[PDB]
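Residue numbers (the authors' numbering): 24 to 677. Here's the structure we're looking at; comments come further down.
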Ligand SMILES: [Zn+2]
């Protein structure tokens, strides 16, 4: 890895990398049948993926962290050129022919398991790209893919470019903080301008006690680009269905799910239906609580009470439930979670769980002075497992959300020796200063624990092929290991290891810990039922022929969530995931979370949350394979059976 590359070197490095890499593909793509071999074909492609991946990451990473705008821009441009190149190589028919020939020449069961898996994946990826099909079919696929890309760009752009706003008086905005107010564009009419952007939308629906104001904003927000985007959505659905058939599948969902743990649309439907049925009674209880809060508040404020929970009441009363029903003094809690302490305790927990020791590399080279490099070594032999950087504080130009970026993949080099994985964890926790400690909210501690889990997956994986390194697993399983790990921030012992009053050094009071842990369940029934509605709409649009998005969403909202969609709106027309690469996979969020609880409850809760023996089995069964083993097989080995929804429901008190 190199971090001192200028904007010009990035530009130069990109052209060179592409030319050198393309060279290997050209060589593989022009081999005569007779010269096709495992070493000249499979190994050649596997080897170049290793050299290319390392270099590519060095070129596209700076855009997310470099303090230099010139470097960030060149990195972004390189990323685009490299991404185009990746697609270009994946569509190479000449190269695919040699891979198909190799598959023919390779004797049955002659290859090592991961090598066989790699070959099968290459064959599969080409077929999913339609390279084995007739020219007329491929031409149609190409034409449809082009239209789909443009439609998706417009769907998102329409939403992002929208500048709709609603004018409200200080009274109509009752409930909103002072800091919030004033920050609004005061109109020459006196009224304040409220936009539909998230920074304005969410706080308003959660804090504004004026019902008519919440109603107007909800209607507007869920009606953005209604006409144009509903039209684009209808075309996306039809075109995706046609492309999927041309590629050999009865529905787009089935095409998409072939590569996921869920495998088929049927499996997903049953999953969502059963989950909805099981959560129904919890939803009924939560709605009864919210309706009572609304009745009481309307009576208190002298407002009319319609006896029904409206879409614009949800976020408001769910927040009230959390504040008045669970009562967690977050301001007090924060004082026990200074970032330095959380970092130390968090690293300590992962060390013990995985049998590792982290070593700070003082003075190591980094893209920013606040960045810290650590070497993870085996706790008994001291042998290096991998390396990771921690870039935790905000700064101009830096990626705004917490994330794990794989930099160097753990895999085998051309000579057979293993190269260690190197990853970087990025977060944006306030940096501690002179007399201003950085106290973390519990959600930040949760995010921290979650993200570092991915770092450990990156480093502990021992795949031999780059394609299967680290977090390169099924999309509906990649989040499962980290969500399983989030459970630690809801357990007393682990929390105590990551906390300490920043000033007095006192431990978090057990009474406070109890309430905190209990607050985890707040509004969970309705939160999940809504996610199910979204997952079902996504599946319906990608399995149904002529289902109407708005109508399907409305029907599901009433039957599952118990809260009606506002007439005249069209939430699906604003549903960005439908045009952001999550098409047919939205259920993945619930899928990973549900099964992550089985992983946690079945093994860690029964054998010891801080037991290193269970931790080593987790490292061995779940992390070590990387993507060299199907998720279903890793889970079956870790759980001793196939996963179930039982643990998740039990955690909800069902
Ligand atoms: Zn994650």
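Built from N, CA and C at the ideal position, the CB exists for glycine as well.
Helix, strand or coil, according to DSSP, for residue i in the structure here?
| i | result |
| --- | --- |
| residue 591 | coil |
| residue 333 | coil |
| residue 580 | helix |
| residue 193 | coil |
| residue 441 | strand |
| residue 222 | helix |
| residue 486 | coil |
| residue 123 | helix |
| residue 201 | coil |
| residue 251 | helix |
| residue 350 | coil |
| residue 321 | helix |
| residue 504 | helix |
| residue 131 | coil |
| residue 16 | Here the chain comprises residues numbered 24 to 677, so residue 16 is not present and cannot be evaluated. |
| residue 24 | coil |
| residue 231 | coil |
| residue 270 | coil |
Which residues does DSSP list as the beta-bridge partners of residue i?
| i | result |
| --- | --- |
| residue 448 | 413, 427 |
| residue 395 | 413 |
| residue 456 | 459 |
| residue 383 | 397 |
| residue 188 | 218 |
| residue 407 | 400 |
| residue 361 | 462 |
| residue 435 | 441 |
Closest by CA to residue i, which one among the options?
| i | options | result |
| --- | --- | --- |
| residue 382 | 33, 554, 255, 401 | 401 |
| residue 436 | 38, 58, 74 | 74 |
| residue 35 | 64, 94, 53 | 94 |
| residue 265 | 325, 244, 569 | 569 |
| residue 666 | 547, 576, 503 | 503 |
| residue 541 | 513, 635, 677, 28 | 513 |
| residue 645 | 561, 476, 110, 551 | 476 |
| residue 135 | 651, 656, 664, 670 | 651 |
| residue 236 | 216, 255, 250, 253 | 216 |
| residue 233 | 663, 320, 247, 497 | 320 |
| residue 369 | 467, 275, 521, 396 | 521 |
| residue 506 | 587, 614, 579 | 614 |
| residue 228 | 197, 398, 147, 609 | 197 |
| residue 172 | 571, 322, 258, 32 | 258 |
| residue 90 | 398, 302, 27, 421 | 421 |
| residue 209 | 190, 407, 544 | 190 |
| residue 552 | 239, 587, 573, 535 | 587 |
| residue 565 | 211, 291, 201 | 291 |
| residue 254 | 211, 286, 572 | 572 |
| residue 155 | 271, 518, 423 | 271 |
Whole angstroms is fine: what's the gap from residue i's alpha carbon to residue j's?
| i | j | result |
| --- | --- | --- |
| residue 425 | residue 482 | 18 angstroms |
| residue 454 | residue 461 | 6 angstroms |
| residue 158 | residue 169 | 17 angstroms |
| residue 117 | residue 61 | 17 angstroms |
| residue 351 | residue 76 | 46 angstroms |
| residue 648 | residue 655 | 12 angstroms |
| residue 490 | residue 395 | 28 angstroms |
| residue 280 | residue 495 | 16 angstroms |
| residue 339 | residue 72 | 50 angstroms |
| residue 678 | residue 526 | Not covered by the structure: residue 678. The range shown for the chain is 24 to 677. |
| residue 129 | residue 578 | 53 angstroms |
| residue 44 | residue 78 | 11 angstroms |
| residue 163 | residue 313 | 52 angstroms |
| residue 485 | residue 433 | 6 angstroms |
| residue 393 | residue 418 | 10 angstroms |
| residue 631 | residue 624 | 10 angstroms |
Only counting the same chain, and skipping five residues up and downstream in sequence, which positions put a Cβ closer than 8 angstroms to that of residue i?
| i | result |
| --- | --- |
| residue 318 | 328, 330 |
| residue 498 | 282, 283, 608, 611 |
| residue 344 | 309, 312, 313, 316, 545, 546 |
Grab me the residues of residue i's own chain with a C-beta within less than 7 angstroms of its C-beta, minus the 5 sequence neighbours each way, in chain order.
| i | result |
| --- | --- |
| residue 83 | 98, 101, 102, 105 |
| residue 112 | 48 |
| residue 585 | 306, 310 |
| residue 493 | 429, 432, 433, 444, 480, 481, 484, 649 |
| residue 406 | 400 |
Sorted by chain position, which residues of the same chain lie with C-beta nearer than 6 angstroms to residue i's C-beta, five sequence neighbours on each side aside?
| i | result |
| --- | --- |
| residue 763 | Within the shown structure, residues of the chain are numbered from 24 to 677, placing residue 763 beyond reach of any answer. |
| residue 299 | 555, 583 |
| residue 442 | 436 |
| residue 622 | 507 |
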